[PDB]
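I have placed the structure first, in the form of structure tokens, so that the comments after it can refer back to it.
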Amino acid sequence: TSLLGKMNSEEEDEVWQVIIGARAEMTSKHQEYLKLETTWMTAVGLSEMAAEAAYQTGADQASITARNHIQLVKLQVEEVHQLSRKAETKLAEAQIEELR
Amino acid sequence: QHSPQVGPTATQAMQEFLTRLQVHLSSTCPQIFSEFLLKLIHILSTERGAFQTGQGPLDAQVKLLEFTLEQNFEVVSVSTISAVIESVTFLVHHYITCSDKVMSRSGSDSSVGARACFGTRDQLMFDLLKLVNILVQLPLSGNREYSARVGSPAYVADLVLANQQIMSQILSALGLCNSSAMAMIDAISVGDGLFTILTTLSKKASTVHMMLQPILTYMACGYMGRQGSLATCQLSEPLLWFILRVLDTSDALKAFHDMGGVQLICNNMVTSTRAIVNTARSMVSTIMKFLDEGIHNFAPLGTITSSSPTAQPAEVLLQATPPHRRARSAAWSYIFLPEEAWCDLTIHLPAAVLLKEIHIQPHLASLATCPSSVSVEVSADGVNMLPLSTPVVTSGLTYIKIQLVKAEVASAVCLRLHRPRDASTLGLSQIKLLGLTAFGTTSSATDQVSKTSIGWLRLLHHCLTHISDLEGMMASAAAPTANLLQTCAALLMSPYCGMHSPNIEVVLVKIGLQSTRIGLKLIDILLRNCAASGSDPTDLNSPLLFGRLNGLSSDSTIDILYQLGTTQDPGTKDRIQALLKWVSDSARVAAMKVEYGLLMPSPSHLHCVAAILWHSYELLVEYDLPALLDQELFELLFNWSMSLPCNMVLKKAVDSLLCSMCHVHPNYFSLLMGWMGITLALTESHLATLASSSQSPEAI
Amino acid sequence: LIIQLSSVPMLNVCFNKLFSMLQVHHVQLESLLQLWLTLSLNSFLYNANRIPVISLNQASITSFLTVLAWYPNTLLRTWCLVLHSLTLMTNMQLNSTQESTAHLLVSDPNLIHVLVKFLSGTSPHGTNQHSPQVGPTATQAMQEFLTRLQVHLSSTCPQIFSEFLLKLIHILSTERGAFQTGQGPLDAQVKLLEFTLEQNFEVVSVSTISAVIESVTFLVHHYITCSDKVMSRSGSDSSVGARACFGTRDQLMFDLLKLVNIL
Amino acid sequence: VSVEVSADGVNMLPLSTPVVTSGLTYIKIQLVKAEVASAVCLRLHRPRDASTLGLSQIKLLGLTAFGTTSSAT
Amino acid sequence: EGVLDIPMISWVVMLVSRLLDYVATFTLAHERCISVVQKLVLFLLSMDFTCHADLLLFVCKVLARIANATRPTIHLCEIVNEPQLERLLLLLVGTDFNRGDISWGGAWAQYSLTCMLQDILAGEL
């Protein structure tokens, strides 16, 4: 977004090919992140099942363990995603301040 | 939003009230109660009644109809019966004709479609016909204004049979039904009800003439009693079965002949064969296969889009794999604005496809996000939407399956989904569009009487071959119809279109053996000219039958020619003369160093002629068979056999003819040795000729 | 170089032959309408402003309206085709100083029957459950047809169109009508009422106004008096009750009362 | 759902036509005119798709003649 | 008098269809192509149970392509007369051939006929 047109034509073509190749390589590298969402989905489902099953059996220590398990995995994944979305929100704020 | 029903309590109360009315009036005068019930049914079934427009509670009406069947109608009047019968008949004809073009059913629904035959509103219509069946059987007596009952008894069937409107409507409604293959692999559907009505009418008719008159009036007219050059009455499998069952007796067949039915069906078959175009695949659909339920999904190949700019990308919906069963989030979600009620998904396909069914799967985890109703719009060109029918109620459905009774050529579909009843978001897992393409692997999947003209040929076959005693005069009446033989031959040399080939061969043989002229005409059309006689292309109504090459040979044609030749009857010498004349003409034309078939005869035809001559000389004959085989014919055949390569089968067929002629005349064989040059440099032609021509003991 | 004649004269002759052939059951309504719509839009959409290439005679339109009038039952696709065809024919100019085609359509008594059949009856009811509505597409088609009729008749005499509309409302609202029995497509009727509220009724007859007012008043009194004794609303819905003063069939009743206030 | 209300607890009388509750997450039937009831009978229609009927809770809100639970709050 | 070599006709029609598809990415003599178009449209109106819709599809496509390929575009008036045009439209809409939902040559044949007519009309305008 920020450095188009300041340099000469050869570097313009160079940065365009860099954009194309880096976009392809970023898609290839981000192919790993699609499975993270699904494995967190199954982890959340399994943790909720464990909480329900431990409440049903009545094991207080196991029920607390499973409830804190779902809460802790939720906090960890939501906090890495929260760093990501804090960066995204900073990007959006920089966009809206740069546009206006 | 209240249900269009009345519940069980009110229905039971109404039934109990009717039961009390029947009980209190039974000991004094049940006829008044029968009048009251029939008048109520007639009023409900009129042009503006509840039955025609589906106004009131369906359960109450069905219960009322169920209660009416058990009644007596002992001395109920006749005008009331006639009015009820005609009103019900018109209503049911309307129901059959105007059936909806979209058939959506819940998964738990295992019922049989109304238009189908030989197996909730269908139950109401079906119960109405059960009432008509009871009304028809009522024996009226005396002055014939009451169905009096406690010299030959008269039935209400007589009055309704004389009514042309009712019979026409019943026949058309039965002609709109369909069940052909899985019929044989009672009454379950309204079509079965119409079949039962007609069977009861046939049984209760006083004379076969008045039963057959409405049928012949139906055949003589086109759609909705229309007259025209190519107009033909609609025919179907159940109607065909009923007509066959009517003509199951000798007296009925004689009456059918005496009213000109056979000529009617012959002309109808000719005209219908001219009118329609074969739909079965052909050479064009093989050239395209080379040069590359079972219906195929086309959703993955398409591109989906929405008219709401804020809608999420819906390309996930077109994949063949549905998501996890209890995924916390649906595959595609739409957020409804507070004022918005409809959201649309417009699937575009690369090319037009024959759309058959649409499958929509909601989010099984939370059915609260299932769309309330679904409206489908289909475009042939991809720019002009047209809804198929009213929106389909889909609340509480785990799997929406929309079936088109008539497949539409679709290039793009648009599913306008209504807002759910309770939730504010839509949850869909997968969308499937099933159909077939014009050509290719997806073109193939995995009744013929209505589509094709073979229905009339089945009637002709039944008339000719039901009773051997009637066969001769059947054939005599049927034969003089123009273009009949060409139409039968064209129907024979076609892909299987409803009736197997052996039955057609019987018709062709029987109708061709009743005279010499017809036999010669059949030989000519089978051998040298299969086109319609007197067929100028300028006239747009005369039959053409231009699509077949002359002289094509199949096992059926070979069997027909063998029957024509080998059979013993006056005029068989004319048939033998015609066959030998055709052989001579083909041999003469072969010396080209004209009509097709003479340019090249099928080798099987020549072999069949040889076998005919062989088995005619082996058996006794009433004619000078050896006098027919002139020596110059042997010269022609020998010259043809020599001036032809040894490998190809046409030479071998000519050699078979030579062998048969040598079998008839040993001196012909002696002349063969004299001509060949033995009584050298014997080529393969001489070797093969002497090889095949020398098989009879005299030749040996 | 060589001058070739246009195909439109003989093609118009052929279509006029086909339309005059409808009443004797030789041709099919839906297929004929689809063919005419496809062939008349070659100079890509169903834009209401496009002038049809084919031109039909006055007798053709009369026969089409008649066969629509007595037609046993119409599917939704047939009704959409009919609405599109009428919208296009409104733009069509008769040639065999004549009256406008819109004028002929409005002055035809069969148009009332056609519109009443569309707005009162539904698709024939099979076992499968269908919503008692007509869908957005058919509603938009009806709105476009009415808009074209209003636009064409504004320059000559809006009074006849307004009287037509009031007669249609009166016939719908009378005894055993669609409004009284709640039968037809609710959205189509609501949009028809919405289109009515922006008219003028400048030179309409007063007897028609009196009949409309009587019918609407009686209908609304019946609706208020004979309301159901059970209410079961979804959580999302927050609409106030009919008998609730000073705060979707109610939208139909309210729209009718908004019309009486105009008259 | 079809609701029948009996004042004397012996003779049932349906309140109105069955209410369409397909696709609803909570069925709330409010009576326009309060009825004196001693026994309530509910007719539940078969689900459109499933062959089994599942319910969680049924509540009969009302008021008594005297004492507590006789005035709204 | 004459015989229609249907296999040859099908082979030639599909060859011509492929070539005309490929050229739609020299000229065609209108004065000669007019006779070919007239014979093709006469063949279309002369189909019966001995002919199949598969050939009809390619005949319609070839007819449209030829009518839209000649530099002076062939007009529908130059192709058929009034009885032929009336018969051609009766295939699509008439009750003689169409019975209820049973189309004359099938949905594919109806679509091909409609596309052919629309393409010829668009060529004129």
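Letters for chains follow the order of the structure tokens (A, B, ...), residue numbers begin at 1 for each chain, and ligand numbers begin at 1 in the order shown.
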Problem - Residue list for chain C near chain E as a ChimeraX atom specification, 9 Å, only C-alpha atoms - result: /C:4-11,13-15,17-18,25-33,35,38-39,42-43
Problem set entry | Distance filter 6 Å, only C-alpha atoms, chain D against chain C, as a PyMOL selection string | chain D and resi 28-32
Margin query: Using only C-alpha atoms, which protein or nucleic acid residues come within 8 Å of segment 13-21 of chain D? Drop anything in the same chain fewer than 4 positions from it, and give the result as a list in words.
Written below: residues 1, 2, 3, 4, 5, 6, 7, 9 and 10 of chain B; 228, 229, 230 and 232 of chain C; 1, 2, 3, 4, 5, 6 and 27 of chain D
Output file for the residues above (N, CA, C and O atoms, as a compact mmCIF listing (two decimals), in the first residue's frame):
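Wrote it out as result06.txt, contents follow:
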# COMPACT_ATOMS: atom_id res chain seq x y z
N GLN B 1 -50.34 -17.76 12.68
CA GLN B 1 -50.36 -18.80 11.65
C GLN B 1 -51.00 -20.05 12.25
O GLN B 1 -50.35 -20.77 13.01
N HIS B 2 -52.26 -20.29 11.91
CA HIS B 2 -52.98 -21.46 12.38
C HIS B 2 -52.98 -22.54 11.30
O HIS B 2 -52.89 -22.24 10.11
N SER B 3 -53.07 -23.78 11.74
CA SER B 3 -53.11 -24.89 10.80
C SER B 3 -54.44 -24.88 10.04
O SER B 3 -55.48 -24.53 10.61
N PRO B 4 -54.44 -25.26 8.76
CA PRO B 4 -55.71 -25.35 8.03
C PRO B 4 -56.43 -26.66 8.32
O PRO B 4 -56.91 -27.33 7.41
N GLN B 5 -56.52 -27.01 9.60
CA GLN B 5 -57.23 -28.21 10.03
C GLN B 5 -58.13 -27.87 11.21
O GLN B 5 -58.29 -26.70 11.55
N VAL B 6 -58.73 -28.88 11.83
CA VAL B 6 -59.77 -28.62 12.82
C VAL B 6 -59.47 -29.38 14.10
O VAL B 6 -60.10 -29.15 15.14
N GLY B 7 -58.50 -30.28 14.05
CA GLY B 7 -58.13 -31.07 15.20
C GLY B 7 -58.95 -32.34 15.31
O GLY B 7 -59.90 -32.56 14.55
N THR B 9 -60.75 -33.45 18.04
CA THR B 9 -61.96 -33.35 18.85
C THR B 9 -63.15 -32.92 18.01
O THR B 9 -64.23 -33.53 18.07
N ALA B 10 -62.99 -31.86 17.22
CA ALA B 10 -64.09 -31.38 16.39
C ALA B 10 -64.46 -32.40 15.32
O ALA B 10 -65.64 -32.59 15.02
N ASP C 228 -59.36 -13.94 16.77
CA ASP C 228 -59.19 -15.24 17.41
C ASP C 228 -59.01 -15.08 18.92
O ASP C 228 -58.66 -14.01 19.42
N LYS C 229 -59.28 -16.17 19.64
CA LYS C 229 -59.18 -16.18 21.10
C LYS C 229 -57.84 -16.72 21.59
O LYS C 229 -57.67 -16.92 22.80
N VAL C 230 -56.89 -16.95 20.69
CA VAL C 230 -55.58 -17.48 21.04
C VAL C 230 -54.52 -16.70 20.28
O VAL C 230 -54.66 -16.45 19.08
N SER C 232 -50.34 -16.75 19.57
CA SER C 232 -49.09 -17.50 19.68
C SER C 232 -48.10 -16.88 18.69
O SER C 232 -48.08 -17.24 17.52
N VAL D 1 -49.80 -27.68 17.71
CA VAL D 1 -50.31 -27.94 19.04
C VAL D 1 -51.77 -27.52 19.09
O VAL D 1 -52.11 -26.39 18.72
N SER D 2 -52.63 -28.42 19.55
CA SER D 2 -54.04 -28.14 19.77
C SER D 2 -54.32 -28.19 21.26
O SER D 2 -53.98 -29.18 21.93
N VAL D 3 -54.94 -27.14 21.79
CA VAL D 3 -55.15 -26.98 23.22
C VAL D 3 -56.64 -27.12 23.51
O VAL D 3 -57.46 -26.45 22.89
N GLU D 4 -56.97 -27.99 24.46
CA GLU D 4 -58.33 -28.17 24.93
C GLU D 4 -58.38 -27.85 26.41
O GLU D 4 -57.53 -28.31 27.18
N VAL D 5 -59.36 -27.06 26.82
CA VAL D 5 -59.48 -26.58 28.19
C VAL D 5 -60.82 -27.04 28.74
O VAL D 5 -61.87 -26.81 28.13
N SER D 6 -60.79 -27.69 29.91
CA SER D 6 -61.98 -28.17 30.57
C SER D 6 -62.16 -27.43 31.89
O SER D 6 -61.25 -27.40 32.72
N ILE D 27 -42.68 -22.42 22.41
CA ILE D 27 -44.09 -22.23 22.09
C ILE D 27 -44.75 -21.52 23.25
O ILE D 27 -44.80 -22.04 24.37
Spatial neighbours of segment 44-47 of chain C, max dist 7 Å, only C-alpha atoms, sep filter under 2 positions, as number ranges by chain:
B: 383-384; C: 41-42, 49-50
Would you export the selected residues with N, CA, C and O atoms as a PDB file, in the first residue's frame, please?
ATOM      1  N   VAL B 383     -30.203 -15.130 -17.507  1.00  0.00           N
ATOM      2  CA  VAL B 383     -30.454 -13.731 -17.172  1.00  0.00           C
ATOM      3  C   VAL B 383     -31.888 -13.455 -16.756  1.00  0.00           C
ATOM      4  O   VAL B 383     -32.145 -12.427 -16.102  1.00  0.00           O
ATOM      5  N   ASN B 384     -32.853 -14.307 -17.086  1.00  0.00           N
ATOM      6  CA  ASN B 384     -34.269 -14.047 -16.827  1.00  0.00           C
ATOM      7  C   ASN B 384     -34.812 -15.106 -15.873  1.00  0.00           C
ATOM      8  O   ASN B 384     -35.141 -16.218 -16.294  1.00  0.00           O
TER       9      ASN B 384
ATOM     10  N   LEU C  41     -37.863  -9.671 -27.301  1.00  0.00           N
ATOM     11  CA  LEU C  41     -36.876  -8.940 -26.518  1.00  0.00           C
ATOM     12  C   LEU C  41     -35.480  -9.095 -27.108  1.00  0.00           C
ATOM     13  O   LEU C  41     -34.504  -9.323 -26.391  1.00  0.00           O
ATOM     14  N   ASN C  42     -35.369  -8.972 -28.428  1.00  0.00           N
ATOM     15  CA  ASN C  42     -34.098  -9.143 -29.118  1.00  0.00           C
ATOM     16  C   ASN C  42     -33.369  -7.831 -29.374  1.00  0.00           C
ATOM     17  O   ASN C  42     -32.277  -7.851 -29.950  1.00  0.00           O
ATOM     18  N   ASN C  49     -39.647  -1.154 -19.893  1.00  0.00           N
ATOM     19  CA  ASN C  49     -39.620  -0.073 -20.865  1.00  0.00           C
ATOM     20  C   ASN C  49     -39.364  -0.548 -22.288  1.00  0.00           C
ATOM     21  O   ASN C  49     -39.428   0.265 -23.217  1.00  0.00           O
ATOM     22  N   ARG C  50     -39.076  -1.831 -22.486  1.00  0.00           N
ATOM     23  CA  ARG C  50     -38.743  -2.325 -23.814  1.00  0.00           C
ATOM     24  C   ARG C  50     -39.995  -2.435 -24.673  1.00  0.00           C
ATOM     25  O   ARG C  50     -41.033  -2.922 -24.219  1.00  0.00           O
TER      26      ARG C  50
END
* **chain E residues near chain B (7 Å cut-off, only C-alpha atoms) as a ChimeraX atom specification** => /E:4,6,10,47-55,96-97,101-102,104-107
| message | With only C-alpha atoms considered, list every residue of chain B at most 12 Å from chain D, as a VMD selection string. | response | chain B and resid 1 to 13 56 to 57 105 to 110 366 to 373 393 to 400 419 to 423
Taking N, CA and C atoms for each residue, export the selection above as a CSV table (one decimal), in the first residue's frame.
chain,number,residue,atom,x,y,z
B,1,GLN,N,-50.3,-17.8,12.7
B,1,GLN,CA,-50.4,-18.8,11.6
B,1,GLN,C,-51.0,-20.0,12.2
B,2,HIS,N,-52.3,-20.3,11.9
B,2,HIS,CA,-53.0,-21.5,12.4
B,2,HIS,C,-53.0,-22.5,11.3
B,3,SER,N,-53.1,-23.8,11.7
B,3,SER,CA,-53.1,-24.9,10.8
B,3,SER,C,-54.4,-24.9,10.0
B,4,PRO,N,-54.4,-25.3,8.8
B,4,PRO,CA,-55.7,-25.4,8.0
B,4,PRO,C,-56.4,-26.7,8.3
B,5,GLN,N,-56.5,-27.0,9.6
B,5,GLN,CA,-57.2,-28.2,10.0
B,5,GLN,C,-58.1,-27.9,11.2
B,6,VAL,N,-58.7,-28.9,11.8
B,6,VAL,CA,-59.8,-28.6,12.8
B,6,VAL,C,-59.5,-29.4,14.1
B,7,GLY,N,-58.5,-30.3,14.0
B,7,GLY,CA,-58.1,-31.1,15.2
B,7,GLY,C,-58.9,-32.3,15.3
B,8,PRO,N,-58.6,-33.2,16.3
B,8,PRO,CA,-59.3,-34.5,16.4
B,8,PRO,C,-60.6,-34.4,17.1
B,9,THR,N,-60.7,-33.4,18.0
B,9,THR,CA,-62.0,-33.4,18.8
B,9,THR,C,-63.2,-32.9,18.0
B,10,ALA,N,-63.0,-31.9,17.2
B,10,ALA,CA,-64.1,-31.4,16.4
B,10,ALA,C,-64.5,-32.4,15.3
B,11,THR,N,-63.5,-33.1,14.7
B,11,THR,CA,-63.7,-34.1,13.7
B,11,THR,C,-64.6,-35.2,14.4
B,12,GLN,N,-64.2,-35.7,15.6
B,12,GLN,CA,-64.9,-36.8,16.2
B,12,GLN,C,-66.3,-36.3,16.6
B,13,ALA,N,-66.5,-35.1,17.0
B,13,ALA,CA,-67.8,-34.6,17.3
B,13,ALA,C,-68.7,-34.5,16.1
B,56,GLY,N,-61.4,-25.5,3.6
B,56,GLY,CA,-61.6,-25.8,5.0
B,56,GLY,C,-60.7,-26.9,5.5
B,57,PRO,N,-61.0,-27.4,6.7
B,57,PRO,CA,-60.2,-28.5,7.3
B,57,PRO,C,-60.2,-29.7,6.5
B,105,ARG,N,-41.3,-33.4,-0.9
B,105,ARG,CA,-41.8,-34.3,0.1
B,105,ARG,C,-40.8,-34.4,1.3
B,106,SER,N,-41.4,-34.5,2.5
B,106,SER,CA,-40.6,-34.8,3.6
B,106,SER,C,-40.0,-36.2,3.6
B,107,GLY,N,-38.9,-36.4,4.3
B,107,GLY,CA,-38.3,-37.7,4.3
B,107,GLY,C,-39.1,-38.8,4.8
B,108,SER,N,-40.0,-38.5,5.8
B,108,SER,CA,-40.9,-39.5,6.3
B,108,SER,C,-42.0,-39.9,5.4
B,109,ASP,N,-42.2,-39.1,4.3
B,109,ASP,CA,-43.3,-39.4,3.4
B,109,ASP,C,-43.0,-40.6,2.5
B,110,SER,N,-43.8,-41.6,2.5
B,110,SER,CA,-43.6,-42.8,1.7
B,110,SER,C,-44.8,-43.1,0.8
B,366,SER,N,-28.6,-27.0,14.5
B,366,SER,CA,-29.6,-26.1,15.0
B,366,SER,C,-30.6,-25.8,13.9
B,367,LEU,N,-31.7,-26.6,13.9
B,367,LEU,CA,-32.7,-26.4,12.9
B,367,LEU,C,-33.5,-25.1,13.0
B,368,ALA,N,-33.3,-24.3,14.1
B,368,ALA,CA,-33.9,-23.0,14.2
B,368,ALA,C,-33.4,-22.1,13.1
B,369,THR,N,-32.3,-22.3,12.5
B,369,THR,CA,-31.8,-21.5,11.4
B,369,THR,C,-32.2,-22.0,10.0
B,370,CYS,N,-33.0,-23.0,9.9
B,370,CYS,CA,-33.5,-23.5,8.7
B,370,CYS,C,-34.4,-22.5,8.0
B,371,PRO,N,-34.3,-22.2,6.8
B,371,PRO,CA,-35.2,-21.2,6.1
B,371,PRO,C,-36.7,-21.6,6.2
B,372,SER,N,-37.5,-20.7,6.5
B,372,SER,CA,-39.0,-21.0,6.6
B,372,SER,C,-39.5,-21.5,5.3
B,373,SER,N,-39.3,-20.8,4.2
B,373,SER,CA,-39.8,-21.2,2.9
B,373,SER,C,-38.7,-21.0,1.8
B,393,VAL,N,-42.9,-24.7,1.8
B,393,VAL,CA,-42.7,-24.6,3.2
B,393,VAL,C,-41.7,-25.6,3.7
B,394,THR,N,-40.6,-25.1,4.4
B,394,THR,CA,-39.5,-25.9,4.8
B,394,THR,C,-39.2,-25.8,6.3
B,395,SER,N,-40.1,-25.3,7.1
B,395,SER,CA,-39.9,-25.2,8.5
B,395,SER,C,-39.9,-26.6,9.1
B,396,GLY,N,-38.9,-26.9,9.9
B,396,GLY,CA,-38.8,-28.2,10.6
B,396,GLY,C,-38.4,-29.4,9.7
B,397,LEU,N,-37.7,-29.1,8.6
B,397,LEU,CA,-37.3,-30.1,7.7
B,397,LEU,C,-35.8,-30.3,7.8
B,398,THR,N,-35.3,-31.5,8.0
B,398,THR,CA,-33.9,-31.8,8.1
B,398,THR,C,-33.2,-31.8,6.8
B,399,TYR,N,-34.0,-32.0,5.7
B,399,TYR,CA,-33.3,-32.1,4.4
B,399,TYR,C,-34.4,-31.7,3.4
B,400,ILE,N,-34.2,-30.5,2.7
B,400,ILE,CA,-35.1,-30.0,1.7
B,400,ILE,C,-34.7,-30.7,0.3
B,419,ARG,N,-36.8,-15.7,5.7
B,419,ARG,CA,-36.3,-15.6,7.1
B,419,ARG,C,-36.9,-16.7,8.0
B,420,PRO,N,-36.1,-17.4,8.8
B,420,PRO,CA,-36.7,-18.4,9.7
B,420,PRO,C,-37.7,-17.8,10.7
B,421,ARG,N,-38.5,-18.7,11.2
B,421,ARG,CA,-39.6,-18.3,12.1
B,421,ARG,C,-39.1,-17.7,13.3
B,422,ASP,N,-38.1,-18.2,14.0
B,422,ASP,CA,-37.6,-17.8,15.3
B,422,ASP,C,-36.3,-17.1,15.2
B,423,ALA,N,-35.3,-17.8,14.6
B,423,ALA,CA,-33.9,-17.2,14.6
B,423,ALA,C,-33.9,-16.0,13.6
Practice prompt. Would you kindly report the residues of chain C within 6 Å of chain B, using only C-alpha atoms, as an MDAnalysis selection string?
Written response: chainID C and resid 76:77 127:131 134 234 236
Worksheet item: Skipping near chain neighbours, those fewer than 6 positions away, what residues fall within 10 Å of residue 46 of chain A using only C-alpha atoms, listed as a PyMOL selection string?
Response: chain A and resi 40+52+66+70
Any chance you can output those residues with N, CA, C and O atoms as a PDB file, in the first residue's frame?
ATOM      1  N   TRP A  40      -9.000 -26.924  17.102  1.00  0.00           N
ATOM      2  CA  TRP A  40      -9.561 -26.239  18.260  1.00  0.00           C
ATOM      3  C   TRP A  40     -11.057 -26.492  18.391  1.00  0.00           C
ATOM      4  O   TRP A  40     -11.570 -26.566  19.511  1.00  0.00           O
ATOM      5  N   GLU A  52     -19.352 -32.239  30.767  1.00  0.00           N
ATOM      6  CA  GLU A  52     -20.671 -32.833  30.963  1.00  0.00           C
ATOM      7  C   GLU A  52     -20.572 -34.223  31.581  1.00  0.00           C
ATOM      8  O   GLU A  52     -21.331 -34.559  32.496  1.00  0.00           O
ATOM      9  N   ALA A  66     -12.076 -30.522  33.915  1.00  0.00           N
ATOM     10  CA  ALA A  66     -12.593 -30.374  32.558  1.00  0.00           C
ATOM     11  C   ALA A  66     -13.111 -28.964  32.294  1.00  0.00           C
ATOM     12  O   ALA A  66     -12.915 -28.421  31.197  1.00  0.00           O
ATOM     13  N   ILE A  70     -11.519 -26.587  29.365  1.00  0.00           N
ATOM     14  CA  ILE A  70     -12.165 -25.856  28.277  1.00  0.00           C
ATOM     15  C   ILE A  70     -11.906 -24.361  28.419  1.00  0.00           C
ATOM     16  O   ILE A  70     -11.590 -23.680  27.435  1.00  0.00           O
TER      17      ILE A  70
END
Could you go through chain E and tell me which residues DSSP, when run on the backbone, assigns to alpha helix (DSSP H), listing them as a PyMOL selection string? chain E and resi 6-23+30-44+53-69+76-79+82-93+107-124
